[PDB]
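Novice: Below is a structure I'd like to ask you about.
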Amino acid sequence: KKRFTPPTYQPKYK
Amino acid sequence: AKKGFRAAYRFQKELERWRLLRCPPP
Amino acid sequence: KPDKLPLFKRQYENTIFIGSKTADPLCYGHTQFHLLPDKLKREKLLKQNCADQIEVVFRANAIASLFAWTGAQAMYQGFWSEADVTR
Amino acid sequence: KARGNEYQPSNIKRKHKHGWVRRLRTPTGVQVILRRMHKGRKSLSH
Amino acid sequence: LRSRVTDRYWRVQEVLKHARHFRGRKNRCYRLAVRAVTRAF
Amino acid sequence: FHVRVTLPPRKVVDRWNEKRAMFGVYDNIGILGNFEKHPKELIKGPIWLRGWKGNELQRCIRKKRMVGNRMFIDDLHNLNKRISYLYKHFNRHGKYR
Amino acid sequence: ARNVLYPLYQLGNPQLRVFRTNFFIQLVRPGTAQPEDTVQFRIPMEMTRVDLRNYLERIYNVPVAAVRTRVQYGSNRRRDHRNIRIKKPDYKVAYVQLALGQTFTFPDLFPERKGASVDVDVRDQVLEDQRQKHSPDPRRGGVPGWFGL
Amino acid sequence: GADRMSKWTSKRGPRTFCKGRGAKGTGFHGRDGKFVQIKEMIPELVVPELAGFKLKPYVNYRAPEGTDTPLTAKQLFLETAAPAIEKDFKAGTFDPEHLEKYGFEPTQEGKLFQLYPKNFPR
Amino acid sequence: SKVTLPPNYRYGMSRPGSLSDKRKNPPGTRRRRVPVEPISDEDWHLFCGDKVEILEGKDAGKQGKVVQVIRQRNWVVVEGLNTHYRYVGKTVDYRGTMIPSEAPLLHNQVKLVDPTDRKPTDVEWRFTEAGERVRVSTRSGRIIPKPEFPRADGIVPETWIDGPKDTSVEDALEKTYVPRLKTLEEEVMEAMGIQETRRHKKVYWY
Amino acid sequence: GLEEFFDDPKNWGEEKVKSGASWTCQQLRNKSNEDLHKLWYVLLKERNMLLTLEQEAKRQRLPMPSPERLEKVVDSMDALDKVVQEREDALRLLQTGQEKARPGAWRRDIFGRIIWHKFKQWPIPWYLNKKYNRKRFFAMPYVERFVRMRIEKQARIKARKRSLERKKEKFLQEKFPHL
RNA sequence: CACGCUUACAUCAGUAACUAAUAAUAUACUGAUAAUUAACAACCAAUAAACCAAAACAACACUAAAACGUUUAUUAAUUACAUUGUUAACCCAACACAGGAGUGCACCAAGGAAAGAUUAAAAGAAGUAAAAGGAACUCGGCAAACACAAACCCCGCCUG
RNA sequence: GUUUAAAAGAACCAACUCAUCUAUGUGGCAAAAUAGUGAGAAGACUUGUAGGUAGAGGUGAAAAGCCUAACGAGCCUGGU
RNA sequence: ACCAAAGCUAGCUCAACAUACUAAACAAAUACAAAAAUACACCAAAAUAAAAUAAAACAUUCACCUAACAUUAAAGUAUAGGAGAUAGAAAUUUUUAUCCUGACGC
Ligand SMILES: [Mg+2]
Ligand SMILES: [Mg+2]
Ligand SMILES: [Mg+2]
Ligand SMILES: [Mg+2]
Ligand SMILES: [Mg+2]
Ligand SMILES: [Mg+2]
Ligand SMILES: [Mg+2]
Ligand SMILES: [Mg+2]
Ligand SMILES: [Mg+2]
Ligand SMILES: [Mg+2]
Ligand SMILES: [Mg+2]
Ligand SMILES: [Mg+2]
Ligand SMILES: [Mg+2]
Ligand SMILES: [Mg+2]
Ligand SMILES: [Mg+2]
Ligand SMILES: [Mg+2]
Ligand SMILES: [Mg+2]
Ligand SMILES: [Mg+2]
Ligand SMILES: [Mg+2]
Ligand SMILES: [Mg+2]
Ligand SMILES: [Mg+2]
Ligand SMILES: [Mg+2]
Ligand SMILES: [Mg+2]
Ligand SMILES: [Mg+2]
Ligand SMILES: [Mg+2]
Ligand SMILES: [Mg+2]
Ligand SMILES: [Mg+2]
Ligand SMILES: [Mg+2]
Ligand SMILES: [Mg+2]
Ligand SMILES: [Mg+2]
Ligand SMILES: [Mg+2]
Ligand SMILES: [Mg+2]
Ligand SMILES: [Mg+2]
Ligand SMILES: [Mg+2]
Ligand SMILES: [Mg+2]
Ligand SMILES: [Mg+2]
Ligand SMILES: [Mg+2]
Ligand SMILES: [Mg+2]
Ligand SMILES: [Mg+2]
Ligand SMILES: [Mg+2]
Ligand SMILES: [Mg+2]
Ligand SMILES: [Mg+2]
Ligand SMILES: [Mg+2]
């Protein structure tokens with residue numbers, strides 16, 4: 001399968 | 001805040017030891 | 001500033017028209033007739049408390065319309081800013 | 001081709017799909033508004 | 001009754017006092033000092 | 001492991017206040033009083049625990065049976081889920097079997 | 001009037017009359033170049049051109065000719081310490097062109113006083129003299145000048 | 001995404017979204033598409049004559065105040081109708097069926113400014 | 001106008017909406033709560049303007065006049081008794097005017113003094129038979145008058161001149177109300193002679 | 001009469017402009033309807049002038065001379081409005097008996113809450129209005145759970161507030177042993 | 001201009017630090033004060049009847065049979081000034097992103113700057129030129145080229 | 001625009017729409033791009049706005065494609 | 001020596017009692033594209049719970065699972081169950097009024 005892991009951003013208060 | 005007096009008194013002893021090692025009395 | 005007249009800026013086709021295309025053989029004007037609309041009546045101006053503008057509206061209509069006409073005639077003859085009118 | 005720009009803003013579609021009237025015209029949207037009110041949301045709809 | 005450890009300072013010092021003459025992070029970090037002190041003994 | 005740098009104020013606890021002086025005063029009420037009232041009646045607390053003791057599953061079962069009709073929605077849901085989890089864990093999980 | 005319910009009009013209804021108006025207007029200086037016959041007001045959001053015309057013609061008896069209104073939007077960009085937007089309130093700005101040819105000019109409501117300026121200059125001179133007399137003597141080198149010998 | 005906390009005004013929509021800012025209507029739409037303004041719908045400011053009015057926006061600082069006595073319905077009745085009805089009952093011509101002579105109004109729909117429907121803004 | 005304060009607020013002898021207070025604690029701070037003894041308004045005997053005595057401090061046993069009171073922390077300050085010296089004029093190359101400011105005092109550290117014997121007494125609230133509530137002492141057994149203090153505005157009703165936009169006392173106290181059963185609208189209409197003949201149509205309300 | 005928006009030209013550069021006290025409810029009640037109707041505009045002109053002066057002070061980055069005049073004028077106009085409304089309330093209670101001057105009804109919207117729906121002026125009856133007919137004043141059977149949830153949430157809030165007050169009282173009694 | 005974002009726009013002042021992926025300072029940070037003014041645009045009649053005969057310079061035709069309208073009769077409150085949109089260097093993509101974006105005008109009369117300062121190592125990317133040979137390279141003439149032509153099969157009729 | 005008695009699902013080639021091949025890029029300008037080169041380009045054509053079809057389903061000139069960056073069956077909440 | 005470290009409070013948790021249970025604000029505007037005063041209507045709808053799990057698989061079955069009868073016993077009894085996993089009563093019995101409520105909870 002074409003398995004892709006999307007990136008996760010961080011909260012902007014940090 | 002940690003509820004306790006033993007640690008506080010032991011650290012008072014440690015502080016006195018550090019003070020004696022820093023400024024040795026005559 | 002002219003915006004306090006009030007005048008508003010716009011962008012569309014800027015044309016120089018005398019009333020007919022340049023290929024028309026009658027490229028000169030004789031007399032214009034301008035009927036004032038119902039918004040600029042004497043009664044409406046008196047209600048608006050604008051009595052001294054009863055002549056200002058006529059003067060403005062004339063100064064605008066006749067200048068547009070004569071400028072269209074001059075630019076149809078071939079005169080412009082750098083080729084200023086001779087007659 | 002390039003993704004990520006799937007949101008094309010338009011106030012008509014916004015208010016017609018997630019508006020107050022759209023939520024209140026159906027019993028499920030009324031339940032949505034009630035759930036948002038129970039949670040205490042500052043904004044119940046668009 | 002929440003019970004937390006209050007003498008962890010001395011629990012760590014009793015092990016770090018045997019590593020002060022070491023080289024590298026074994027004389028500072030506790031995770032690396034417990035292993036270096038056991039091998040020392 | 002940073003321990004506080006100042007001594008805390010010594011709590012002056014008096015072991016001779018009203019509660020500490022009259023604690024457990026009527027524990028022998030039935031024995032020394034021509035038994036009419038069991039020491040159960042001195043237990044102050046929740047209704048489903050006055051003179052009763054059990055494990056967590058029995059506690060939850062008794063609470064739901066006694067005061068379940070007055071609990072809130074989320075509280076009753078959490079109680080039902082705790083009952084289910086304790087049932088499954090105590091009847092299917094463990095080592096000694 | 002604002003924040004009040006108006007009677008529904010129908011054919012043959014009486015004339016709507018307001019006895020105690022709830023509108024309060026400010027007279028603001030034009031931020032841009034304005035002609036002589038134009039006055040700039042800040043009016044409530046619920047006030048119309050005819051409402052301001054009647055306001056100026058009845059309460060203050062001003063021969064107005066034209067009224068033009070606009071709605072200025074207040075900024076909602078600044079953030080609080082909680083990162084919450086603080087919105088400046090929107091306001092209605094009206095431009096009133098006078099009728100009889102009267103020329104209005106916003107006056108200088110804060111003219112400076114010559115005596116006040118002279119007093120401020122004297123205070124500045126006294127402060128400078130005090131600083132000069134309190135400045136340390138360079139020939140002493142930090143020795144306190146209070147003790148005599 | 002768009003913003004939800006900001007107010008939904010007429011400045012934030014398309015050309016076909018023109019929401020008023022709170023002003024009252026002053027007329028209707030005529031025949032040729034223009035707006036016909038009704039002179040009965042525009043508020044007429046009733047301004048009195050302040051020429052010989054000897055009263056200022058502020059009062060004397062040395063002038064004394066009074067104890068708070070909020071005017072009540074019973075006090076108003078005692079001030080306007082109790083003496084008249086008392087005199088009428090002492091004279092013996094009191095009529096319980098007709099109370100219009102003392103100021104009572106049976107139906108509000110007759111007069112111009114009614115109280116319960118509140119036909120007047122201010 | 002009234003300013004709003006967070007529940008975790010500290011009173012520091014400054015106005016809650018003053019620049020000094022805004023510099024002391026900006027709107028992002030929430031300090032620890034100080035325990036304040038509960039004293040209702042019916043049990044506060046310490047007012048502004050009376051001669052009180054100090055109990056503890058370096059200047060103990062001395063008497064002074066109350067200048068300000070703070071009910072949120074049970075604080076009172078007297079003028080020039082319990083003082084510390086602070087500089088106000090401060091610049092890059094000049095200082096001066098070291099003024100003695102006053103530190104606040106607690107109701108446990110200050111008690112009211114009777115004007116009769118000039119001795120510290122305890123104050124108790126009593127109800128006299130004439131319908132007044134006057135503070136009565138218990139040590140000697142006398143009453144304490146009310147220390148009338150001038151208001152913070154700085155204007156005295158004894159010496160006051162009416163300006164161009166002020167009404168006289170006669171015009172302010174002139175009673176001209178005729179309590180009849182007409183509204184202000186009908187009164188003004190009948191006064192100005194406005195004649196309205198047509199009446200409203202049927203309006204539905206729902 | 002466009003100068004009425006400004007004070008006297010001899011009070012323009014003044015630092016402090018003193019004025020009298022504000023109107024109090026008793027002084028307003030002592031006057032008649034004519035004098036109240038006139039004092040309304042007398043105060044309105046002063047309020048407009050003070051607002052103009054405040055905006056001009058903001059523009060010039062200078063403090064407004066004695067800004068308490070605006071507070072006094074607003075307080076006086078509020079007292080006048082309160083007195084006129086009190087007279088209107090007494091008159092309407094004497095004539096009709098209604099407490100409120102606008103018709104309304106205690107309704108129950110679709111959200112289960114109990115609201116006070118005020119009435120609007122319509123030229124047609126209620127059974128012929130499209131915009132009014134598509135409104136619902138009643139709750140469906142799925143709103144009872146949300147009503148009970150609101151009840152329980154408010155009960156929990158009140159309970160924890162009462163517990164907080166009790167704990168604060170106990171802490172204060174333990175900190176101050178003056179008993 | 002439309003759609004969209006809402007003041008990020010304008011004036012003055014400051015930038016030690018915060019935003020600009022660095023400075024200078026400032027349309028992008030901070031504070032105060034001001035602003036977008038209707039003629040353009042939005043909201044801006046129903047009820048019956050006469051009405052088959054396309055738009056494409058529309059003369060007249062083709063097939064795929066084609067949006068866009070007047071007149072007549074009955075009622076349409078009638079009386080200046082109603083309300084709302086008017087800034088921007090901007091929108092959607094985590095960003096001051098080499099990407100995605102409808103329409104009418106012109107190809108400059110309007111917009112901007114590829115290089116922070118040096119040296120001219122290797123390797124890498126882009127380009128130009130090259131003796132003699134001209135596919136001998138390579139899976140394949142891929143790529144490139146002063147060439148930019150002619151044929152033979154397999155599979156799909158073809159456009160899509 | 002050019003060739004055509006042609007607006008011929010004709011031809012050359014712009015705007016425009018796709019994405020054949022190669023080289024860079026591969027935490028990059030970019031969670032699919034840049035440069036060169038390509039295919040269509042009056043039509044079964046591109047495209048603006050607004051509405052509809054909703055997951056035991058919709059839609060599909062069947063790639064088991066697409067249905068808000070992971071679809072042999074979306075995501076969120078609850079069962080948990 | 002920097003970076004840093006330590007406070008004791010804000011408040012929460014579990015119960016008891018309890019009036020008897022959708023707080024306060026509701027001037028105007030708010031189910032037109034919510035907070036937009038103002039025109040001849042249409043308004044409303046119900047049809048079982050399922051499955052994840054256990055039966056070491058999975059097909060009949062699988063306590064609780066947002067429906068009041070509480071407590072002491074009968075009793076985990078009679079019974080119901082691929083008679084397996086498990087489920088599970090009743091007849092009949094006991095239950096004395098109020099304060100003494102706070103916390104070996106953070
Ligand atoms: Mg996204
Ligand atoms: Mg406008
Ligand atoms: Mg959002
Ligand atoms: Mg709009
Ligand atoms: Mg727009
Ligand atoms: Mg008009
Ligand atoms: Mg944005
Ligand atoms: Mg920088
Ligand atoms: Mg700025
Ligand atoms: Mg513009
Ligand atoms: Mg270079
Ligand atoms: Mg450059
Ligand atoms: Mg460079
Ligand atoms: Mg090289
Ligand atoms: Mg090369
Ligand atoms: Mg070459
Ligand atoms: Mg060669
Ligand atoms: Mg070969
Ligand atoms: Mg080879
Ligand atoms: Mg090739
Ligand atoms: Mg070739
Ligand atoms: Mg070739
Ligand atoms: Mg093919
Ligand atoms: Mg063929
Ligand atoms: Mg072709
Ligand atoms: Mg390409
Ligand atoms: Mg090349
Ligand atoms: Mg190309
Ligand atoms: Mg081609
Ligand atoms: Mg081809
Ligand atoms: Mg749709
Ligand atoms: Mg299946
Ligand atoms: Mg399917
Ligand atoms: Mg296939
Ligand atoms: Mg396949
Ligand atoms: Mg997805
Ligand atoms: Mg199984
Ligand atoms: Mg298993
Ligand atoms: Mg299996
Ligand atoms: Mg299985
Ligand atoms: Mg089940
Ligand atoms: Mg059987
Ligand atoms: Mg088996």
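To be explicit about the labels: the chains of the structure tokens are called A, B, and onward in the order shown, and within each one the residues are counted from 1, while ligands get numbers from 1 in the order they are shown.
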Taking only C-alpha atoms (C1' of nucleotides) and all ligand atoms into account, which residues are within 10 Å of ligand 7, as a list in words?

Specialist: residues 1, 2 and 3 of chain H; 4, 5, 6, 8, 90, 91 and 92 of chain K

Novice: Write out as an NGL selection string the residues lying within 9 Å of residue 93 of chain I, counting only C-alpha atoms (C1' of nucleotides) and excluding same-chain residues fewer than 2 positions away.

Specialist: (:G and (131 or 134-135)) or (:I and (90-91 or 95))

Novice: Neighbours of ligand 10 within 12 Å, counting only C-alpha atoms (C1' of nucleotides) and all ligand atoms, as JSON, numbers by chain?

Specialist: {"C": [8, 9, 10, 11], "K": [1, 9, 36, 85, 86, 87, 88, 90]}

Novice: If you keep N, CA and C atoms (P, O5', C5', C4', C3', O3' and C1' of nucleotides), can you produce a file of those selected residues as a PDB file, in the first residue's frame?

Specialist:
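Wrote it out as out_2.pdb, contents follow:
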```
ATOM      1  N   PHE C   8     -15.731  60.913  -7.399  1.00  0.00           N
ATOM      2  CA  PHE C   8     -15.264  59.560  -7.139  1.00  0.00           C
ATOM      3  C   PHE C   8     -14.472  59.041  -8.327  1.00  0.00           C
ATOM      4  N   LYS C   9     -13.363  58.370  -8.032  1.00  0.00           N
ATOM      5  CA  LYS C   9     -12.515  57.807  -9.069  1.00  0.00           C
ATOM      6  C   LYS C   9     -13.085  56.485  -9.563  1.00  0.00           C
ATOM      7  N   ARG C  10     -12.905  56.233 -10.857  1.00  0.00           N
ATOM      8  CA  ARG C  10     -13.349  54.991 -11.468  1.00  0.00           C
ATOM      9  C   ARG C  10     -12.429  54.671 -12.635  1.00  0.00           C
ATOM     10  N   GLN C  11     -12.468  53.416 -13.074  1.00  0.00           N
ATOM     11  CA  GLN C  11     -11.635  52.954 -14.179  1.00  0.00           C
ATOM     12  C   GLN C  11     -12.512  52.219 -15.184  1.00  0.00           C
TER      13      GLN C  11
ATOM     14  P     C K   1     -10.728  48.742  -7.675  1.00  0.00           P
ATOM     15  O5'   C K   1     -11.812  47.726  -8.248  1.00  0.00           O
ATOM     16  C5'   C K   1     -13.035  48.202  -8.789  1.00  0.00           C
ATOM     17  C4'   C K   1     -13.779  47.122  -9.534  1.00  0.00           C
ATOM     18  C3'   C K   1     -14.224  45.921  -8.717  1.00  0.00           C
ATOM     19  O3'   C K   1     -15.394  46.157  -7.955  1.00  0.00           O
ATOM     20  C1'   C K   1     -13.237  45.174 -10.720  1.00  0.00           C
ATOM     21  P     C K   9      -0.008  49.038   7.566  1.00  0.00           P
ATOM     22  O5'   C K   9      -1.204  49.328   6.560  1.00  0.00           O
ATOM     23  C5'   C K   9      -1.043  49.148   5.161  1.00  0.00           C
ATOM     24  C4'   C K   9      -1.845  50.165   4.394  1.00  0.00           C
ATOM     25  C3'   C K   9      -1.511  51.620   4.691  1.00  0.00           C
ATOM     26  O3'   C K   9      -0.402  52.088   3.944  1.00  0.00           O
ATOM     27  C1'   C K   9      -3.852  51.308   4.801  1.00  0.00           C
ATOM     28  P     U K  36     -10.201  59.482   3.541  1.00  0.00           P
ATOM     29  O5'   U K  36     -11.113  58.495   2.688  1.00  0.00           O
ATOM     30  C5'   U K  36     -12.465  58.246   3.058  1.00  0.00           C
ATOM     31  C4'   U K  36     -13.052  57.092   2.286  1.00  0.00           C
ATOM     32  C3'   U K  36     -14.505  56.763   2.620  1.00  0.00           C
ATOM     33  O3'   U K  36     -15.154  56.256   1.453  1.00  0.00           O
ATOM     34  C1'   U K  36     -13.155  54.890   3.086  1.00  0.00           C
ATOM     35  P     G K  85     -21.329  49.967   5.331  1.00  0.00           P
ATOM     36  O5'   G K  85     -20.760  49.344   3.982  1.00  0.00           O
ATOM     37  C5'   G K  85     -20.645  47.939   3.816  1.00  0.00           C
ATOM     38  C4'   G K  85     -19.965  47.608   2.515  1.00  0.00           C
ATOM     39  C3'   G K  85     -18.753  48.461   2.187  1.00  0.00           C
ATOM     40  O3'   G K  85     -17.583  47.999   2.834  1.00  0.00           O
ATOM     41  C1'   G K  85     -20.173  48.347   0.299  1.00  0.00           C
ATOM     42  P     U K  86     -16.420  49.028   3.230  1.00  0.00           P
ATOM     43  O5'   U K  86     -15.737  49.358   1.835  1.00  0.00           O
ATOM     44  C5'   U K  86     -14.745  50.366   1.734  1.00  0.00           C
ATOM     45  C4'   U K  86     -14.567  50.815   0.309  1.00  0.00           C
ATOM     46  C3'   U K  86     -13.689  52.048   0.131  1.00  0.00           C
ATOM     47  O3'   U K  86     -12.950  51.935  -1.083  1.00  0.00           O
ATOM     48  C1'   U K  86     -15.859  52.491  -0.705  1.00  0.00           C
ATOM     49  P     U K  87     -11.539  51.168  -1.091  1.00  0.00           P
ATOM     50  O5'   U K  87     -10.827  51.650   0.252  1.00  0.00           O
ATOM     51  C5'   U K  87     -10.309  52.966   0.371  1.00  0.00           C
ATOM     52  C4'   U K  87      -9.067  52.995   1.221  1.00  0.00           C
ATOM     53  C3'   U K  87      -7.948  52.066   0.786  1.00  0.00           C
ATOM     54  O3'   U K  87      -7.164  52.610  -0.261  1.00  0.00           O
ATOM     55  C1'   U K  87      -8.291  51.859   3.116  1.00  0.00           C
ATOM     56  P     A K  88      -6.724  51.697  -1.505  1.00  0.00           P
ATOM     57  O5'   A K  88      -5.585  50.761  -0.907  1.00  0.00           O
ATOM     58  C5'   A K  88      -4.436  51.317  -0.287  1.00  0.00           C
ATOM     59  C4'   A K  88      -3.711  50.287   0.539  1.00  0.00           C
ATOM     60  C3'   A K  88      -3.377  48.988  -0.177  1.00  0.00           C
ATOM     61  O3'   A K  88      -2.201  49.085  -0.959  1.00  0.00           O
ATOM     62  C1'   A K  88      -4.367  48.500   1.907  1.00  0.00           C
ATOM     63  P     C K  90       0.407  42.187  -0.961  1.00  0.00           P
ATOM     64  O5'   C K  90      -0.920  41.935  -0.121  1.00  0.00           O
ATOM     65  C5'   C K  90      -0.863  41.702   1.281  1.00  0.00           C
ATOM     66  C4'   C K  90      -2.234  41.473   1.868  1.00  0.00           C
ATOM     67  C3'   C K  90      -2.988  40.263   1.319  1.00  0.00           C
ATOM     68  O3'   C K  90      -3.798  39.713   2.356  1.00  0.00           O
ATOM     69  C1'   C K  90      -4.239  42.217   0.911  1.00  0.00           C
TER      70        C K  90
END
```

Novice: Write as an NGL selection string the residues around ligand 9, taking 10 Å as the cut-off and counting only C-alpha atoms (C1' of nucleotides) and all ligand atoms.

Specialist: :K and (7-9 or 26-31)

Novice: For the selection just defined, write its residues with N, CA and C atoms (P, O5', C5', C4', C3', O3' and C1' of nucleotides) to a file, as a PDB file, in the first residue's frame.

Specialist:
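Below is the file out_29.pdb, written as the result:
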```pdb
ATOM      1  P     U K   7      -8.268  43.823  11.538  1.00  0.00           P
ATOM      2  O5'   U K   7      -7.600  45.173  11.030  1.00  0.00           O
ATOM      3  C5'   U K   7      -6.254  45.190  10.569  1.00  0.00           C
ATOM      4  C4'   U K   7      -5.791  46.591  10.255  1.00  0.00           C
ATOM      5  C3'   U K   7      -6.017  47.618  11.360  1.00  0.00           C
ATOM      6  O3'   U K   7      -4.957  48.572  11.339  1.00  0.00           O
ATOM      7  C1'   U K   7      -7.167  48.291   9.411  1.00  0.00           C
ATOM      8  P     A K   8      -3.713  48.415  12.341  1.00  0.00           P
ATOM      9  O5'   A K   8      -2.704  47.467  11.554  1.00  0.00           O
ATOM     10  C5'   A K   8      -2.246  47.815  10.258  1.00  0.00           C
ATOM     11  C4'   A K   8      -1.640  46.632   9.545  1.00  0.00           C
ATOM     12  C3'   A K   8      -1.353  46.829   8.063  1.00  0.00           C
ATOM     13  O3'   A K   8      -0.101  47.456   7.835  1.00  0.00           O
ATOM     14  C1'   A K   8      -2.454  44.748   8.417  1.00  0.00           C
ATOM     15  P     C K   9      -0.008  49.038   7.566  1.00  0.00           P
ATOM     16  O5'   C K   9      -1.204  49.328   6.560  1.00  0.00           O
ATOM     17  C5'   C K   9      -1.043  49.148   5.161  1.00  0.00           C
ATOM     18  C4'   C K   9      -1.845  50.165   4.394  1.00  0.00           C
ATOM     19  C3'   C K   9      -1.511  51.620   4.691  1.00  0.00           C
ATOM     20  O3'   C K   9      -0.402  52.088   3.944  1.00  0.00           O
ATOM     21  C1'   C K   9      -3.852  51.308   4.801  1.00  0.00           C
ATOM     22  P     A K  26      12.563  54.503   6.694  1.00  0.00           P
ATOM     23  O5'   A K  26      11.428  53.409   6.481  1.00  0.00           O
ATOM     24  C5'   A K  26      11.782  52.049   6.247  1.00  0.00           C
ATOM     25  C4'   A K  26      10.586  51.137   6.324  1.00  0.00           C
ATOM     26  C3'   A K  26       9.270  51.819   6.686  1.00  0.00           C
ATOM     27  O3'   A K  26       8.206  51.167   5.998  1.00  0.00           O
ATOM     28  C1'   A K  26       9.749  50.145   8.275  1.00  0.00           C
ATOM     29  P     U K  27       7.375  51.945   4.867  1.00  0.00           P
ATOM     30  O5'   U K  27       5.862  51.780   5.333  1.00  0.00           O
ATOM     31  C5'   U K  27       4.811  51.726   4.381  1.00  0.00           C
ATOM     32  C4'   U K  27       3.977  50.483   4.552  1.00  0.00           C
ATOM     33  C3'   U K  27       4.496  49.461   5.548  1.00  0.00           C
ATOM     34  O3'   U K  27       4.154  49.785   6.884  1.00  0.00           O
ATOM     35  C1'   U K  27       3.863  48.373   3.542  1.00  0.00           C
ATOM     36  P     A K  28       4.960  49.135   8.111  1.00  0.00           P
ATOM     37  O5'   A K  28       4.303  47.696   8.282  1.00  0.00           O
ATOM     38  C5'   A K  28       4.864  46.749   9.182  1.00  0.00           C
ATOM     39  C4'   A K  28       4.276  45.374   8.989  1.00  0.00           C
ATOM     40  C3'   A K  28       5.037  44.248   9.684  1.00  0.00           C
ATOM     41  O3'   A K  28       4.114  43.254  10.136  1.00  0.00           O
ATOM     42  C1'   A K  28       4.991  43.849   7.356  1.00  0.00           C
ATOM     43  P     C K  29       4.555  42.176  11.248  1.00  0.00           P
ATOM     44  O5'   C K  29       3.961  42.735  12.618  1.00  0.00           O
ATOM     45  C5'   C K  29       4.206  44.070  13.036  1.00  0.00           C
ATOM     46  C4'   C K  29       5.177  44.140  14.188  1.00  0.00           C
ATOM     47  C3'   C K  29       4.783  45.105  15.296  1.00  0.00           C
ATOM     48  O3'   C K  29       3.903  44.517  16.237  1.00  0.00           O
ATOM     49  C1'   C K  29       7.016  45.527  14.653  1.00  0.00           C
ATOM     50  P     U K  30       2.582  45.298  16.704  1.00  0.00           P
ATOM     51  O5'   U K  30       3.138  46.439  17.664  1.00  0.00           O
ATOM     52  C5'   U K  30       3.900  46.112  18.815  1.00  0.00           C
ATOM     53  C4'   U K  30       4.392  47.352  19.514  1.00  0.00           C
ATOM     54  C3'   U K  30       3.379  48.470  19.670  1.00  0.00           C
ATOM     55  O3'   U K  30       2.482  48.262  20.745  1.00  0.00           O
ATOM     56  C1'   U K  30       5.411  49.364  18.879  1.00  0.00           C
ATOM     57  P     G K  31       0.926  48.620  20.570  1.00  0.00           P
ATOM     58  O5'   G K  31       0.865  50.188  20.832  1.00  0.00           O
ATOM     59  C5'   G K  31       1.225  50.724  22.096  1.00  0.00           C
ATOM     60  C4'   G K  31       1.368  52.223  22.047  1.00  0.00           C
ATOM     61  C3'   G K  31       0.206  52.990  21.441  1.00  0.00           C
ATOM     62  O3'   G K  31      -0.876  53.157  22.339  1.00  0.00           O
ATOM     63  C1'   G K  31       2.238  53.822  20.574  1.00  0.00           C
TER      64        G K  31
END
```

Novice: So how many Å separate atom CA of residue 126 of chain J and atom CA of residue 206 of chain I, to one decimal?

Specialist: 6.5 Å

Novice: Let me see if you get this right: every residue at most 10 Å from ligand 33, counting only C-alpha atoms (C1' of nucleotides) and all ligand atoms, written as an NGL selection string.

Specialist: :L and (55-60 or 73)

Novice: Would you mind listing, as a list in words, all residues of chain A that have at least one atom within 10 Å of chain L, where only C-alpha atoms (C1' of nucleotides) are what counts?

Specialist: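 Close to chain L, chain A has residues 2, 3, 4, 5, 6 and 7 of chain A.
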
Novice: Identify, counting only C-alpha atoms (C1' of nucleotides) and all ligand atoms, the protein, DNA and RNA residues located within 12 Å of ligand 35, and give them as number ranges by chain.

Specialist: L: 62-65, 72

Novice: Can you write just those residues out, C-alpha atoms (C1' of nucleotides), as a PDB file, in the first residue's frame?

Specialist:
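File produced: selection06.pdb:
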```pdb
ATOM      1  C1'   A L  62     -13.960   0.607 -13.948  1.00  0.00           C
ATOM      2  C1'   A L  63      -8.344   3.285 -12.148  1.00  0.00           C
ATOM      3  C1'   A L  64     -11.727  -1.077  -7.062  1.00  0.00           C
ATOM      4  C1'   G L  65     -10.713   6.010  -9.206  1.00  0.00           C
ATOM      5  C1'   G L  72     -10.566  -2.311  -0.646  1.00  0.00           C
TER       6        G L  72
END
```

Novice: If I take atom CA of residue 18 of chain G and atom CA of residue 45 of chain H, how far is one from the other in Å, to one decimal?

Specialist: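 Pair atom CA of residue 18 of chain G / atom CA of residue 45 of chain H returns 5.0 Å.
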
Novice: Using only C-alpha atoms (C1' of nucleotides) and all ligand atoms, what table do you get, as a Markdown table, when you list each residue of chain K with an atom no more than 9 Å from ligand 23, its nearest pair of atoms, and their distance in Å rounded to one decimal, rows by chain then rising number?

Specialist:
```
| residue | atom | partner | partner_atom_place_in_ligand_line | distance |
| --- | --- | --- | --- | --- |
| K:156 | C1' | ligand 23 | 1 (Mg) | 5.1 |
| K:157 | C1' | ligand 23 | 1 (Mg) | 8.8 |
| K:158 | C1' | ligand 23 | 1 (Mg) | 8.0 |
```
